[PDB]
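Protein chains in written order, with PDB author numbering: chain A, 1 to 31; chain B, 1 to 32.
Backbone N, C-alpha and C fix where the C-beta goes; we use that ideal spot for every residue, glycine too.
Input: a single structure, listed below in C-alpha cells.
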C-alpha cells in the first residue's frame, strides 16, 4: 500500500506542475 | 511513514484544487 501512496504523490506532483504550466500559459495570453 | 505520505497527498490535492480554481477564472477572462 506504501507504493500506491508514493505513486499517487508522484502523480499529483506531475498534475500540479501541469496546472502551473497552464497558469503560465493563460497568464501569457492575458495581453 | 503511512501518515507522512498521506499528509503529502492531502497537501498536493489541496494545492491542485486551488490551481484548478485559478485556471477556471483565467479561462473565463481570456475567453477559453
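Query                                                                                                 : Result
For residue 20 of chain A and residue 29 of chain B, the rounded distance between their alpha carbons : 17 Å
Pairwise C-alpha distance: residue 13 of chain A and residue 7 of chain A                             : 10 Å
Short CB-CB distance (under 8 Å) between residue 16 of chain A and chain B                            : yes
Straight-line gap, residue 11 of chain A to residue 11 of chain B (C-alpha atoms, nearest Å)          : 13 Å
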